[PDB]
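Q: let me see the structure of the following:
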Amino acid sequence: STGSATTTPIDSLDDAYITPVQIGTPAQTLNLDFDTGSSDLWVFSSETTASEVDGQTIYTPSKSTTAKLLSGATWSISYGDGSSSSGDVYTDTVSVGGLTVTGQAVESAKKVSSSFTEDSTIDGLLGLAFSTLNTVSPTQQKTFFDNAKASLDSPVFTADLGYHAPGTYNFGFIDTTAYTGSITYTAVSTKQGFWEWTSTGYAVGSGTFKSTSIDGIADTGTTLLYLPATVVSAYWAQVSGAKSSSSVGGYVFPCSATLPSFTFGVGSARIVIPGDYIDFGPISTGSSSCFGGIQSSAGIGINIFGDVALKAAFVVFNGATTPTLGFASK
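A: Numbers count the residues shown, from 1 in each chain. The protein structure is shown below:
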């Protein structure tokens, strides 16, 4: 089997991407944030505290003839941005782009933190990291990809995120028309539960490539590119007037600037992020200070190849017995 679904930016900045997902019988379609940095499929629901729902579409398990309470199971998750959610668990039929999994754990939110409530466009998350990170207790549950894997034509999914435009998540096949050149594959460590890999270096604009190992995670659920402070300083030093602002929470730059590109290495291959992809717009409405799309990971503990980086590539998440990542230009 295969599946193919369009993913759409939630706003004009590509702050996140939503993909329609069918849950239950008859189908209830919710727009989920596919997140290769986490491993829970959770949804706003008829169980979510009413004051914490503000415009999201909810899953109502009592209206699904295939929903079953997973008795005793609870979940609770905290994300790197400080947001969180928790609740109980149903199993139900879940379909993405024509690919169907029966018995998928659908984690129903009883509580969500303010940033989820405040984002009416995201109805929940669909985790695509390794199932070892799934938070369901006392019986850990598998991701949608893990459940589908054995049925897929090939044990892979691909992320093809657009810049200010829709893109595609495919399951079970590699669309050879969706990228240019060849796909360069690179090793993955699953030791932390992430799609963790080592970039071979970087360049800023037309500058020379610096060969240096940068361990980080391919994370579709993180908006920006978070790299070591040395790398980030080297980038922003090429932008007149750019500075790190403690009060804003990162590097800002004059909105009048033209940003240089940023290149990262995948083995001997190179992925080029155009400068425009690094502009996240005014820090507040009407400001002439703009927020940068490349930020320091120093306070995180891990480097994160988020959407800013991934949207410049066609990315293969290869879930073979030994997982690997593939990157192609497009």
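
Q: find the nearest non-adjacent residue to residue 94, please.
A: residue 104 (4.1 Å; CB to CB, 6 or more residues apart in numbering). Using the backbone N, CA and C atoms, a C-beta is placed for each residue, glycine as well.

Q: who's in contact with that neighbour?
A: 41, 91, 92, 93, 94, 144, 147 (CB atoms under 8 Å, 6 or more residues apart in numbering).

Q: and if you look at residue 32?
A: Taking CB under 8 Å, 6+ apart, one finds 18, 19, 20, 21, 41, 43, 122, 123, 124, 125, 126 in contact with residue 32.

Q: the fourth one reaches residue 98, doesn't it?
A: The reference is to residue 21. No - contact criterion CB atoms under 8 Å: residue 21 and residue 98 do not qualify, at 11.6 Å.

Q: neighbour count: the two, which is higher?
A: residue 21 (26 against 12; other CB atoms under 10 Å).

Q: give me the element the spatially closest residue to that one that is not a sequence neighbour is part of.
A: Nearest non-adjacent residue to residue 21, counting by CB to CB, 6+ apart: residue 32, 4.8 Å away. In this assignment (DSSP states H and E), residue 32 forms part of strand 28-35.

Q: now whichever helix or strand comes after that strand: buried residues?
A: Tracing the chain C-terminally past strand 28-35 and defining elements by DSSP H and E, one meets strand 41-43 next. By neighbour count on 16 or more other CB atoms under 10 Å, the buried set for strand 41-43 is 41, 42, 43.

Q: need the residue closest to the centroid of the protein.
A: Nearest residue to the geometric centre of the chain (CA atoms, centre = their mean): residue 220, 1.8 Å.

Q: how far away is that one from residue 327?
A: Taking CB to CB, to the nearest Å as the measure, residue 220 falls 13 Å from residue 327.

Q: what does residue 137 give?
A: Residue 137 is 35 Å from residue 327, where distance means CB to CB.

Q: ok, the two, which is more surrounded?
A: residue 327 (28 against 13).

Q: helix or strand for the more buried one, which one?
A: Assigned by DSSP H and E, residue 327 falls in strand 324-328.

Q: which strands border that strand, and is each parallel or antiparallel?
A: strand 184-187 (antiparallel), strand 314-318 (antiparallel) (DSSP bridges).

Q: ok, which of these comes nearest residue 77?
A: strand 314-318 (20.4 Å; CB to CB).

Q: for that closest one, which outside residues touch it?
A: 36, 128, 145, 155-160, 174, 178-179, 183, 185, 195, 218, 323-330.

Q: on that earlier part again, in JSON lines, list the contacts of residue 32 along with secondary structure and distance to residue 81.
A: Output for those, formatted as JSON lines (DSSP: H, G, I helix; E, B strand; the rest coil; distance: CB to CB, whole Å):
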{"residue": "18", "secondary structure": "strand", "distance to residue 81": "17"}
{"residue": "19", "secondary structure": "strand", "distance to residue 81": "20"}
{"residue": "20", "secondary structure": "strand", "distance to residue 81": "24"}
{"residue": "21", "secondary structure": "strand", "distance to residue 81": "22"}
{"residue": "41", "secondary structure": "strand", "distance to residue 81": "19"}
{"residue": "43", "secondary structure": "strand", "distance to residue 81": "19"}
{"residue": "122", "secondary structure": "coil", "distance to residue 81": "13"}
{"residue": "123", "secondary structure": "coil", "distance to residue 81": "18"}
{"residue": "124", "secondary structure": "strand", "distance to residue 81": "16"}
{"residue": "125", "secondary structure": "strand", "distance to residue 81": "12"}
{"residue": "126", "secondary structure": "strand", "distance to residue 81": "17"}
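
Q: residues contacting residue 72?
A: Residue 72 touches residue 138, counting by CB under 8 Å, 6+ apart.

Q: that one should be in a strand, yeah?
A: Yes - Residue 72: assigned to a strand according to DSSP: H, G, I helix; E, B strand; the rest coil.

Q: ok so, going back, can you select the buried ones among the contacts of strand 314-318 for me in PyMOL?
A: In PyMOL syntax, the buried subset of the contacts of strand 314-318 is picked out as below (16+ other CB under 10 Å):
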select buried, resi 36+128+145+155+156+157+158+159+160+174+179+183+185+195+218+323+324+325+326+327+328+329+330
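
Q: and the longest helix for this protein?
A: Identified as the longest helix of the chain according to DSSP state H is helix 229-236.

Q: would you map the helices across the stretch 201-330 of the chain?
A: 229-236, 307-310 (DSSP state H, counting those that start in this stretch).

Q: which stretch among those helices is buried most, on average?
A: Of all the helices of the stretch 201-330 of the chain, helix 307-310 has the most neighbours on average by mean count of other CB atoms under 10 Å, namely a mean of 26.

Q: I am finished for the moment; much appreciated.
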